[PDB]
Amino acid sequence: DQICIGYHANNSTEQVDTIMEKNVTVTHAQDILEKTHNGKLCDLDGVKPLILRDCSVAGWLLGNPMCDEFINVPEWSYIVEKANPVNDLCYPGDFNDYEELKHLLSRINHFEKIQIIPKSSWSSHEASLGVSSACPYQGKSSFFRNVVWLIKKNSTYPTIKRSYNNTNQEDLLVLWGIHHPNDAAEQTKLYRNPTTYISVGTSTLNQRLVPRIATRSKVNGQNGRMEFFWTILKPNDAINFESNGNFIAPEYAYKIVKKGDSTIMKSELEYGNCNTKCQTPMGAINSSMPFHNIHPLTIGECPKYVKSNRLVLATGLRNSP
Amino acid sequence: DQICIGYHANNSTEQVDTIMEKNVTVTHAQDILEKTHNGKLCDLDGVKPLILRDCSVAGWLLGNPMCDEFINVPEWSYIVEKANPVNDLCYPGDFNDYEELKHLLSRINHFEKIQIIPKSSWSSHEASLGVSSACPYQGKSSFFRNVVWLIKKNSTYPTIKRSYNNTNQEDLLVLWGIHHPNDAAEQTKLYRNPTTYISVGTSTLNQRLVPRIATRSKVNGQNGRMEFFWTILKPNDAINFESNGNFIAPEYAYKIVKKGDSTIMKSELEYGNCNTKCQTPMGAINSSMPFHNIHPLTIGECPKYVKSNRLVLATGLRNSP
Amino acid sequence: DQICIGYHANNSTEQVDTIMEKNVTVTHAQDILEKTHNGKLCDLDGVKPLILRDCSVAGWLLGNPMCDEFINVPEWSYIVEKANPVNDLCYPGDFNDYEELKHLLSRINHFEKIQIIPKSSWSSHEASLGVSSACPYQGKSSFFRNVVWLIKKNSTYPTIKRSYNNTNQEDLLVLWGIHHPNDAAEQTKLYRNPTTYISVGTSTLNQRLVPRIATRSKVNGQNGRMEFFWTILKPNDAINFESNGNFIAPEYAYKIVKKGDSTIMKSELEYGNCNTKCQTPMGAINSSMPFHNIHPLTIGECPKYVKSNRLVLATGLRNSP
Amino acid sequence: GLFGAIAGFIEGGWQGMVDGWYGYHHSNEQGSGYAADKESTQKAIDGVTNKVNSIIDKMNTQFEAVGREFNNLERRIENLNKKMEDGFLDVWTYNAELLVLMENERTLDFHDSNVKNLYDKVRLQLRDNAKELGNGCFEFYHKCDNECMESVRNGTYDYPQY
Amino acid sequence: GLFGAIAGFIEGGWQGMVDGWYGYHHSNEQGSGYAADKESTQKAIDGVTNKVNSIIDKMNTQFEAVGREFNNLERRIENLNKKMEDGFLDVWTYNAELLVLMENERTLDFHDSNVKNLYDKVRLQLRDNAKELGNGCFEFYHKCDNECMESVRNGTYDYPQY
Amino acid sequence: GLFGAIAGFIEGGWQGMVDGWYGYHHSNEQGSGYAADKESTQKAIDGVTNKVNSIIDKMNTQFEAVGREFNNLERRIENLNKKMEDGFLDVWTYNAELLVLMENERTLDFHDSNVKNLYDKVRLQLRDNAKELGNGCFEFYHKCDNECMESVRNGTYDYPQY
Ligand SMILES: *[C@@H]1O[C@H](CO)[C@@H](O[C@@H]2O[C@H](CO)[C@@H](O[C@H]3O[C@H](CO[C@H]4O[C@H](CO)[C@@H](O)[C@H](O)[C@@H]4O)[C@@H](O)[C@H](O[C@@H]4O[C@H](CO)[C@@H](O)[C@H](O)[C@@H]4O)[C@@H]3O)[C@H](O)[C@H]2NC(C)=O)[C@H](O)[C@H]1NC(C)=O
Ligand SMILES: *[C@@H]1O[C@H](CO)[C@@H](O[C@@H]2O[C@H](CO)[C@@H](O[C@H]3O[C@H](CO[C@H]4O[C@H](CO)[C@@H](O)[C@H](O)[C@@H]4O)[C@@H](O)[C@H](O[C@@H]4O[C@H](CO)[C@@H](O)[C@H](O)[C@@H]4O)[C@@H]3O)[C@H](O)[C@H]2NC(C)=O)[C@H](O)[C@H]1NC(C)=O
Ligand SMILES: *[C@@H]1O[C@H](CO)[C@@H](O[C@@H]2O[C@H](CO)[C@@H](O[C@H]3O[C@H](CO[C@H]4O[C@H](CO)[C@@H](O)[C@H](O)[C@@H]4O)[C@@H](O)[C@H](O[C@@H]4O[C@H](CO)[C@@H](O)[C@H](O)[C@@H]4O)[C@@H]3O)[C@H](O)[C@H]2NC(C)=O)[C@H](O)[C@H]1NC(C)=O
Ligand SMILES: *[C@H]1O[C@H](CO)[C@@H](O[C@@H]2O[C@H](CO)[C@@H](O[C@@H]3O[C@H](CO)[C@@H](O)[C@H](O)[C@@H]3O)[C@H](O)[C@H]2NC(C)=O)[C@H](O)[C@H]1NC(C)=O
Ligand SMILES: *[C@H]1O[C@H](CO)[C@@H](O[C@@H]2O[C@H](CO)[C@@H](O[C@@H]3O[C@H](CO)[C@@H](O)[C@H](O)[C@@H]3O)[C@H](O)[C@H]2NC(C)=O)[C@H](O)[C@H]1NC(C)=O
Ligand SMILES: *[C@H]1O[C@H](CO)[C@@H](O[C@@H]2O[C@H](CO)[C@@H](O[C@@H]3O[C@H](CO)[C@@H](O)[C@H](O)[C@@H]3O)[C@H](O)[C@H]2NC(C)=O)[C@H](O)[C@H]1NC(C)=O
Ligand SMILES: CC(=O)N[C@H]1[C@H]([C@H](O)[C@H](O)CO)O[C@@](O[C@@H]2[C@@H](O)[C@H](O)O[C@H](CO)[C@@H]2O)(C(=O)O)C[C@@H]1O
Ligand SMILES: CC(=O)N[C@H]1[C@H]([C@H](O)[C@H](O)CO)O[C@@](O[C@@H]2[C@@H](O)[C@H](O)O[C@H](CO)[C@@H]2O)(C(=O)O)C[C@@H]1O
Ligand SMILES: CC(=O)N[C@H]1[C@H]([C@H](O)[C@H](O)CO)O[C@@](O[C@@H]2[C@@H](O)[C@H](O)O[C@H](CO)[C@@H]2O)(C(=O)O)C[C@@H]1O
Ligand SMILES: *[C@@H]1O[C@H](CO)[C@@H](O[C@@H]2O[C@H](CO)[C@@H](O)[C@H](O)[C@H]2NC(C)=O)[C@H](O)[C@H]1NC(C)=O
Ligand SMILES: *[C@@H]1O[C@H](CO)[C@@H](O[C@@H]2O[C@H](CO)[C@@H](O)[C@H](O)[C@H]2NC(C)=O)[C@H](O)[C@H]1NC(C)=O
Ligand SMILES: *[C@@H]1O[C@H](CO)[C@@H](O[C@@H]2O[C@H](CO)[C@@H](O)[C@H](O)[C@H]2NC(C)=O)[C@H](O)[C@H]1NC(C)=O
Ligand SMILES: *[C@@H]1O[C@H](CO)[C@@H](O)[C@H](O)[C@H]1NC(C)=O
Ligand SMILES: *[C@@H]1O[C@H](CO)[C@@H](O)[C@H](O)[C@H]1NC(C)=O
Ligand SMILES: *[C@@H]1O[C@H](CO)[C@@H](O)[C@H](O)[C@H]1NC(C)=O
Ligand SMILES: *[C@@H]1O[C@H](CO)[C@@H](O)[C@H](O)[C@H]1NC(C)=O
Ligand SMILES: *[C@@H]1O[C@H](CO)[C@@H](O)[C@H](O)[C@H]1NC(C)=O
Ligand SMILES: *[C@@H]1O[C@H](CO)[C@@H](O)[C@H](O)[C@H]1NC(C)=O
C-alpha cells in the first residue's frame, strides 16, 4: 500500500517564455495582448466622426466649393483627414499658423457657422466678382464660400472700416485673408490703389498686412497667392478691419459651442458604418485585454499600446509530455 | 525534553504589499515616501525668495508704478509669481520674447539696476509728459519707471541718435519699447512726423521697428498699444538707438551680477517667514525619505517625486495572529 | 567509505554585485560594458567623414574664401564641426533658419555643386567689385565664392529680373543674400537707388526683403551686415529673382544627389586616418559588448549607451576562499 | 525547477487528476485513485490571480501618444516629438516584456514550491511508519485502508497508532 | 511562503523571543526558554539593510521637472513639454512601485529561507538521536540538560556521545 | 544562499573538480577522486546562457540620442531637448543596472538550488543504507567499491542489494 504526491497535467500545448528557457509548455496560460481589429472607421460611443474624405481642414474651414458636403457639420467624436487630400487650398497660397489651429481642434467637437458680415452689405465695393478658375464649381469659376474677395466698384476702392462685436456667449473663430497680386498692373486692375494694406485689431491682436509683389510659378493655373489668417475673438470683444485693397473679408465665422476630447486622425480609410469604444487609424478595437499592438494613436477607452508580437502569462504549471 | 526552531512575532500591525498578496502584516517595515509639507513659502538655505505678490515679471522689470516694492530687489533663491497677477502691463500691449526672457531668469539670482540714459539728458524732446491714466500712481497719471515715453518739444521731434557702451564687466539687460498710436491724427499730435521708425543695433542685433496703426478695443481705457523689446548687451559692446518718433527709451537697465540655479515658481501663497532646504509651490519639505508625493516642481536638495500614495518596504517578517 | 556532493571552486577574483550583497567573488563572470575607445575620428565603413576643420557649415556652403579645401567635397559618412570654428561668416551678419538647414544635412551624404547664374552674365551691373577686407584671400579683399555681391555700373542699378529653372532630376539647394548698408549715403554710393528690395518666388516661396539701415558696432572691421537666405527648389520648379539693389545673387548651387543616414558631430579632434563600424565624438568603437559608456551621440552599428561605470553578470557560482 | 519537485524527483504530472493542481494518489487492496488537495490548490489560485491583476494594474497608468503636426521649417521639433513618442513606447514595451518573463519564471517556481511543501507535509506526518521511495511515493509498513489514506490527507494520520 | 517554514510546518512566531529574528526554544527538567541565533539573525539584518540602501541609491538619479512657459500660439510645444514631463513621472512611479512589490516578496521569502536553513542545520546534527515531531521541534531520546541544549545551538552537539 | 547548500551545509567548493560545476567526490579502499555530474552541469550552462542572451536582446531596442541645434532665442526648446535626451538615458541606465543586480542574485541562487537538488537526489537513493554526515557526505554501512560508487552517480544504486 502506498500514497503518492503529484501534480496536474493535461493536453495543453500553450507555451510561455522565461529568462532561462523559451517555449515552456504549460497546463494553463493567459494571453494579455490584443492582436486583432475590425479594419474600419467607426462611431465612437454612438457619436460619428467627421470624415473629411478628399477635403482638408483648410478646404473645410475656408469653405472650398468642392467641400460643400461639410458646409454645416454636426457634432463629431474625432476627425479623419487623409495624408494628401486633393481639395486643400484651390487658389494657391498659405494658411498662417495652420498647425496651431489644427491643434486647437483636438479640443473641439462642434462648430456652429454664423454670418458676421453679410455679402450684400458691400455697397461701395464689388463683392460678387471675386472668383477664379482655380476654384471651379459646376463648370464655373467660384471661390472659398466663407470669405469675400472684394474688388473695386466704378474704378474706386475707398477705404473699408467695418467692425464686428461678439455678442455671443461662445468664443468665435474668425477667418480672413490677403491677396498677393502678380505685378504692379494687376494691383491697379483689381484694386486701383497702388499701395494697400489691411489692419486688423482686437483687444489682443494688432496686425497690419501688406501685399507682396513677386514673380511666382503657376500653381493650379494661377500666379497670384492668397495668405489666410485667423484669430479667436473672445466674448464681448470686437474685431476691427480697415483696408484700402487686397482684402479677403469674412462672410461666415464658426462658433465654438462644444469643447472636449477629440483628435485629428490620419487615415486613407472611409466610413465603416459601425460602432466601437476604442478607435485606431487602422481599425476599431473591442477586447478586454490590458494591451494591444495595433497602432499607438488611439481614441476612447483603450488597452495600452506596446510594440510586442506576443505577451502570454503562465497561470498553470509546467505540463508533462 | 525537546528543542524547537522558530521565529519572531510582535504586536505590529504594519502591512506591506507583494505581487501575490496585499496587506500582509509584518513585524517591521520602513516607509520611504514623504507625504507631508509645512504649507508655506520659505527661505531656501537662508536666502529668501523674490515674492512678486500681485506684480508680474514684466511689471517688475519694466517698472510698473504699482510695483515700487521691487524697485531694488536683493539677491534671491527662487522667484514666486502668481498665475494671474493683476499688475502686469498697466498700459496695454505686448512683451516680445517674454518666455525666452523668463527662461533666462532661471539662470539668475541677482540684478543690479543702473542708469544708462538719464531722464534729464533729453534736451530736444519732452521727457516728463510721457504718462497715462492706465498707469496711475497716488491718484495721478504715471508710467513704467524704467523707460522714458518721449514726445515732441515746441512742435518738433528731430531725429534721435543716442549710443550706450557697456563698460561694465557684467552682461547688461536692456529694455526699450515702441508706441502704436490710435490713428493718423494721434501720430502727429504726439510726434508730428507722420512716418516714423526706431532702429536698434549692437554687434549682433540689427532691428528696425515701425509703428502700426489699427482700430483697437480699449484695454484699461486705452486704445493705443506698447510693444516692449529686449536684448543682452555683452561686455565692451555698444547699443545704438536712432528714431524720429514713437520711441520708448531706456532710462535704467539691469546688470546681471550673479548667475546660477533658480526658478520661477507658480503659487498663490505668500511668505511663510520660514526656512527650508527643499521647497515646493505648495509648501516646504524637511525629511530624510528618498521619495515624496507633494509636487513635481521643487528646488533645493529634495527627495524624488513620485505619484504614489504609499511606498512601504518590508524589513521584518510575516507577523503572526 | 563515503560519497560526497560538492561544487566547483577556482582561483578567480572576479566580483559581482547583488541587491543584498556587494563584491561577491564568483568562479566565472561576463563583462557586458565596453569602456574603451581608440580616441580618433575614423572612416565609417570605408566612407570618410567631412572634416570641416576650422570652417563651419555656413563658411563651407556660402564658400568663405578661407574654406577652399571644401570647394568640391566628395560623398561623406558623417560631418565633423568644431564648437567654435573661426572661419564662419567672414563678413558679419546672419544665416536665416541655419539650424533647420543643418538638420536637413543629417539626411544628406553628398552634394554636387553646379552653376546656375554665371558671373559673366551680369552685363548691366558690376559683378567683380563685390569684395571686402573682412573676407581676405592671399592678401587681397575677396568674398563668399558662391554668391555674387552686385553693385551699380556707370552710376545705374536698373531692376534685375532673372529666373532659373530646375531641369535637374535632383532637389536643388539655392543660397542668396541681402546687404544692409551702414547709412543713407552708403546705399546711394553702392546701389544709387535709395529705396530697394529683393523679391524671390517659387511654387511655394513668396518673399520680399527690404534692407534695414541702423548704426552697428564693427565686427571684423565692418559695420554693414549680410543676411543669407535659402530654399530647396524642387524638380521642374523655377526660382524668380527681382531686385533694384542690395542683392547678393546666386552663382553656384548644390544638387542633393545622395540622401540617407548622416550626422553633424561636435568635436575638436582631427582625422585619425583610420577605419571603424561605430564612431563617437571622442573616438571609435570596436567591440561585441551589448553596452558602452563612451558617449551618447554615436553613428553606425553600436552598442547601447549607458551612464554606468560597471556592468558585470555572474555566470558561475560563489567562489570559495 | 528551483524546488526540485516538478519534473524533478516527481518525474511527471497526472492526466488523471482533473479536480486540482496538486494532490494525492493512493493504492491498496480496496483500489486506487486521485484526490486533489484543496487548500494548497486554492492558495495557488489566489496567488496567481492576484499576480495577474497586479501586473494589469501596474501597467494601467502608461504613456499615451497624441497627434501633433509641424510645417516644413519645424523639422527639428517634429523630430524631437517623434523621438519622444518612440522613446516612451520602447520603454513601456521593455517593461511589459520583462515583467512577463520575470513573473512567468516565478510562477513556475511557485507551483514547484507548493508541490515540494505538500510532499514534505506528508513526509513529516508519516515519519518512519513508511518507506520514502524517492519518486513522490511512500510505501506503508502497515496495511492502510481508505480511512487510513483519508487521515494522511486530513493532517490527522495518527502516527503512534501505527 | 516558498520555503515552507514560516506559517508552514512552523505554524506561528514567538512573542517571547525578543532578542532576534530566528532562534531556539528548549524545555527539559530544569526549565525552558527562548534563545536567538545571532549568526543567522545578523546575516538577515545585513541583507535587508543592503537591500534598502540599494533600492534608495538606484532611484538616486531620476527625472526632475523644470518650469517652462509658452505663449498662446506655442500650444503644440507646450503640450509636448507636458506629455514629456508627465511621461517620465509615470515611468519612475512605475519603477518605484514595482520594485517595492517585487523586493517585498523577496524579503519575506528570504526570512522563510533563513528559518528553514536553521531548522535543517539542527536536523543534520541531531540525525537519529531525536524524533522529528513535524512542527519545528525535536524530542530527544536521552535527557538533554542546558549544557546539552547549548551544544545544539553551538553546532557542537556530539552525536556519537548520545 | 536561499537553498542552504553552497557555503551552507556544504562549507566550500572544490579546487579539484575542474570538469564541471557540480559533482561527486568518493573515497574507499581503492582510492578517491572527483567526478562531475554532467546532466545538472549542462542544465546550468543552458539556463545561464539563455539568461545572458535574454538580457542582451531585451536591451536591444533602446533610446538613441541625435544631434539637434538651436539658436540663442530657442533656449526653452533646447532645454526641453536636453531634459528629454537625459531623461531617457537615466531610465535605461536604471533598467540595465537593476536588471544585472536582480539577475545576478537569481543566478547565484540557481547554482545553490542545483547543488541542493543533486544532494537530495543522492539522499533519496541511499535512504537508510548510509549515514548522512551533515556536511554533504554520506558514509556507507557496506563497503562501496568503484562500481558501487558509479551506480550512485548513475541513478542505479540498487538499494535492496545492500
Ligand atoms: C460689444 O457690445 C457689447 C454689448 O452690446 C458691449 O458690452 C456692453 O458694454 C457697455 C459699455 O460700453 C456696458 O454698458 C453699461 O455696463 C454697466 C453695467 O453695470 C452693471 O449692471 C448690469 C445690469 O444688471 C449688469 O448686467 C452688469 O453685469 C453690471 O453689474 C453700466 O453700469 C455702465 O454704466 C456705468 O455706470 C456707473 C455708475 O452709474 C459708472 O461708474 C461707470 O463708469 C459706467 O458709466 C454701462 O452703461 C454693458 O454692460 C456691456 N454689456 C454687457 C452684457 O456686459 C461691449 O462693450 C462691446 N465691445 C466693445 C469692444 O465695444
Ligand atoms: C566701448 O568702450 C570701450 C572702452 O571705452 C572700448 O574698448 C576699447 O576700445 C579701444 C579701440 O577702439 C581700445 O583701444 C586700444 O586697445 C589696444 C590695447 O592693446 C593692449 O594693451 C592694453 C594695455 O595694457 C591691454 O589692456 C589690452 O588687453 C591689449 O593687450 C591698443 O593696442 C589699440 O591700439 C593698437 O595699436 C597697435 C600697435 O600699436 C595697432 O596695431 C592696432 O591696430 C591698434 O591701433 C587701441 O588704441 C581699448 O583697448 C578698448 N578697451 C578695453 C578695456 O579693451 C570699446 O571698443 C567700445 N565699444 C565700441 C563698440 O565702440
Ligand atoms: C521649367 O522647364 C521645364 C522643361 O523645360 C518645364 O517643363 C515642361 O513644361 C511644359 C509646359 O510648360 C510641358 O510641355 C508639354 O507637356 C505635355 C506633355 O504631355 C505628355 O507627353 C510627354 C511626351 O512623352 C510625356 O513625357 C509627359 O509625361 C506627358 O505624359 C504636353 O502634352 C503639353 O501640351 C498639352 O497638350 C494637351 C493635348 O494636346 C493639352 O490638353 C494641354 O493643355 C497641353 O497644351 C505641353 O506642351 C513639358 O512637358 C514639361 N517638361 C517635362 C519634362 O515635364 C517646366 O514647366 C518649367 N517650369 C516652370 C515653372 O515654368
Ligand atoms: C479525517 O478523516 C478521519 C479518518 O477517515 C476521520 O475520522 C473518522 O471520522 C468519521 C466521520 O466523522 C467517524 O465516523 C463516526 O463513527 C462513530 C463511531 O465509530 C459514529 O458514532 C459516527 O456517527 C460516525 O459515523 C470515524 O469514527 C473516524 N474514523 C477514524 C478511524 O478516526 C476524521 O474525522 C477526519 N478529520 C478531519 C479533520 O477531517
Ligand atoms: C558550546 O557549549 C558547549 C557545551 O555547553 C561547551 O562545552 C563546555 O564548555 C565549558 C566552558 O568552556 C567547559 O567548562 C570547563 O570545564 C573544565 C573542566 O570540566 C574547566 O577546567 C574549565 O575551567 C571550564 O569550566 C565544559 O567543560 C564544556 N562542557 C561540555 C559538556 O563539553 C563548548 O565549549 C562550547 N563551544 C563553542 C564553540 O561555543
Ligand atoms: C551504471 O553503472 C553500473 C555499475 O557500474 C553499470 O552496471 C555494470 O555495467 C557494466 C558495463 O555494462 C557491466 O559489465 C558487463 O558484465 C557482463 C558480465 O558480468 C559482461 O557480459 C559484459 O560484457 C560487461 O562487461 C556490469 O555487469 C554491471 N555491473 C553491475 C554491478 O551492475 C550500469 O550498466 C550503468 N548504468 C547506467 C544507466 O549507466
Ligand atoms: C477677382 C479677379 O480678378 N478674378 C480674376 C482672376 C484674378 O485677376 C487673378 O487670379 C489674380 O491673381 O484671374 C482669372 O484669370 C486668370 C488670369 O488672370 C491669368 O493671367 O491666366 C489664368 C489662366 O491660367 C486665368 O485666366 C482667373 O482666376 O480665372 C479671372 C478672374 O475673373
Ligand atoms: C504722452 C501722451 O500723449 N499721453 C496722453 C495719452 C496718450 O495720448 C494716448 O494714450 C496714446 O494712445 O492719453 C491720455 O488720454 C486718453 C485719451 O487719449 C483717450 O482718448 O481717452 C482716454 C480715457 O480712457 C484718456 O483720456 C491718457 O492716457 O490718459 C492722456 C495722456 O496725457
Ligand atoms: C562692394 C563694396 O562696396 N566694397 C567695399 C566695402 C563696402 O562698401 C562696405 O563694407 C559696405 O558696408 O567696404 C570696404 O571698405 C571699408 C569701409 O567701407 C569702412 O568705412 O572701413 C573699413 C575698414 O575697417 C573698410 O575700409 C571694405 O569692406 O573693405 C571696401 C570695399 O571695396
Ligand atoms: C519557440 O517557438 C516559436 C513558435 O513556434 C518559434 O518561432 C518560429 O521559429 C521558426 C524557426 O525555428 C521560424 O521559422 C518561424 O518563423 C517562427 N514561427 C513563429 C510563429 O514565430 C521559435 O523559433 C522558438 N524559439 C526557440 C528559442 O526555440
Ligand atoms: C488593504 O488595506 C487597505 C487599507 O485599509 C484597504 O484600503 C481601504 O479599502 C476600503 C474598502 O475595503 C476603502 O473603503 C478605503 O477607502 C480604503 N482605505 C484606505 C486608507 O486606503 C484596501 O481595500 C485593502 N486591500 C485589499 C486588496 O484587501
Ligand atoms: C567593492 O569593491 C570596490 C572595488 O575595489 C570598492 O571600490 C573602491 O572603494 C575604495 C574604498 O573602499 C575607494 O577608495 C576606491 O576609490 C574604490 N575603487 C574602485 C576601483 O572603484 C568598493 O568600495 C567596494 N564596495 C563595498 C560595498 O564594499
Ligand atoms: C483536450 O482535452 C479536453 C478535455 O477537457 C477536450 O475537451 C479536448 O477536446 C482535448 N483536445 C485535444 C486537442 O485533444
Ligand atoms: C466584443 O467582442 C466580444 C467577444 O469578446 C463579443 O461578445 C461582442 O460581440 C463584441 N461586443 C461589441 C459591443 O461589439
Ligand atoms: C507593543 O509592544 C511594545 C513593547 O515593545 C509596547 O511598547 C507598545 O506599547 C505595544 N503597543 C500596543 C499597541 O500594544
Ligand atoms: C526636520 O524634522 C526633524 C524630524 O525628522 C526634526 O528633528 C527637525 O525639527 C526638522 N529640522 C529642521 C531643520 O527644520
Ligand atoms: C589560475 O589558474 C589557472 C589554471 O587554469 C592558471 O592558468 C592561472 O595562471 C592561475 N592564475 C593565478 C593568478 O593563479
Ligand atoms: C576589434 O577588436 C578585436 C578584439 O576583440 C580584434 O580582434 C580586432 O583587431 C579588431 N577588429 C577591427 C576590425 O579593428
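Protein chains in written order, with the entry's author numbering: chain A, 1 to 321; chain A', 1 to 321; chain A'', 1 to 321; chain B, 1 to 162; chain B', 1 to 162; chain B'', 1 to 162. A prime marks a further copy of an entry chain. Ideal Cβ placement from N, Cα and C applies to all residues, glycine included.
As assigned by DSSP and simplified to three states, the class of residue 10/B: Residue 10/B: strand per DSSP, three-state reduction.
Short Cβ contact (7 Å threshold) for residue 78/B'' with residue 70/B'': Contact annotation: residue 78/B'' and residue 70/B'' have beta-carbon atoms nearer than 7 Å.
Pair within 7 Å by beta-carbon distance, residue 42/A and residue 276/A: The Cβ-Cβ distance between residue 42/A and residue 276/A falls below 7 Å.
Cα-Cα separation between residue 138/B and residue 159/B, rounded to whole angstroms: Their Cα atoms are separated by approximately 14 Å.
Residue 165/A'' beta carbon near ligand 3 (any heavy atom closer than 6 Å): True, at least one ligand heavy atom lies under 6 Å from that Cβ.
is_contact[residue 40/B', chain B''] using C-beta, thresh 7 Å: Residue 40/B' does not count as touching chain B''.
Distance cut-off 6 Å: residue 298/A Cβ against heavy atoms of ligand 6: Incorrect: residue 298/A has no Cβ contact closer than 6 Å to ligand 6.
Residue range of the unbroken alpha helix (DSSP H) whose run includes residue 324/A'': As shown, chain A'' starts at 1 and ends at 321. That puts residue 324/A'' outside it, with no answer to give.
7 Å CB neighbourhood of residue 255/A in its chain, flanking five on each side removed: Excluding sequence neighbours, residue 255/A sits near 111, 112, 114, 168, 170, 172.
Nearest candidate by alpha-carbon position, reference residue 148/B'', set 133/B'', 106/B'', 27/B'': Nearest of 133/B'', 106/B'', 27/B'' to residue 148/B'', Cα basis: 27/B''.
Helix, strand or coil at residue 89/A [DSSP, three-state]: In the structure shown, residue 89/A sits in coil (DSSP, three-state: anything other than H, G, I, E or B).
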